[PDB]
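First comes one chain, alone, set out as structure tokens in the form deposited in one PDB entry.
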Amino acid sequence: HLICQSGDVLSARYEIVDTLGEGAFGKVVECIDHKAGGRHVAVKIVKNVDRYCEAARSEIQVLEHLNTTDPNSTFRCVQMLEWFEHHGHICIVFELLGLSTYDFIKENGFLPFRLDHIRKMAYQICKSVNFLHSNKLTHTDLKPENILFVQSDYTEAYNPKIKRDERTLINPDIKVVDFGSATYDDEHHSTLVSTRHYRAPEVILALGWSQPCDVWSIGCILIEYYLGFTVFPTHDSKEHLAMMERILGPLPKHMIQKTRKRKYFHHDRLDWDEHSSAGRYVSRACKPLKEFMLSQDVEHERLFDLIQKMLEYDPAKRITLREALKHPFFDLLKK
């Protein structure tokens, strides 16, 4: 809620030339940097509101650490150029990227990505997020909006199988953004985790969370890229669990035994009515994971073997990103 338009100058150097979208955090603008030779940059302008200010300060700390640790951006976290304050608002200056993977999907009629692009995107996401994991961090908020294309140019053509006209990226290279929720191992882990697009079961059941909850989110990301829509279309925690059970089978009894989240359960089973309005929906929208496959070719079997390991209920059993990078789905890239 900084009031602004094109022509405004921030920090007496950054001239606004375009909007780059908005959120509950505030807004992003594209600027000309008159003190870096006219370079175009993205500036995130944070709401003067306690919650978003705190996230922003923490993001700045994380970005300074990551960018000092990986000065060449070998691991594809967005580069923060600097930060400043403008009429009391925290402003974070980034290298300018292309649009988010969410925005690309929306502008492509919610059609999914092609499997070769998914492979490359999956590999880069696992590599970047594994880098955070090697530096004692958990992202916690991985979703298509927080993965951005480096360059978003595309070509356009009719697809016979899927009914319609389709955009195809020329280069699908990505970077990871949003470090406003990123948490170090030695920091407090909020067991009351706030609103999230994807919610790992150990997060919902409040069993403790750490790096494996990022692996869960990546599994959900990959299925969304594959289908063009999420397999967990809800904002309600109990309904999330109900959808998990249709897609992945019953919650493990040890996780149900351990959880303090008794609101979700009748004795040892989910407290869920399949004949209610919400039950009727869940039953139609959700089905066993492998039934979402669009082909039984070897390549699709390999993606789905990986997704399934990422969506393992038990966060100890769940595949790590180090293991994920060695999975046969990625062999094509290493030939």
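Quick note: we count residues from 1 along the sequence shown, nothing fancier. Each form is matched to the other, and the largest set of C-alpha atoms that superpose within 1.5 Å is called the rigid core.
What comes next is about the form deposited in another entry, which is not displayed.
Among the candidates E166, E82, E95, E245, the CA atom that moves 2 angstroms or more between this form and the one not shown after core superposition belongs to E166 alone. Comparing the forms between this form and the one not shown, the C-alpha position of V193 differs by 2 angstroms or more, with the core used for superposition. Compared with the form shown, the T195-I218 C-alpha separation decreases in that other deposited form, the change being 3 Å or greater. One change in that other deposited form concerns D141 and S194, whose Cα atoms lie at least 3 Å closer than in this form.
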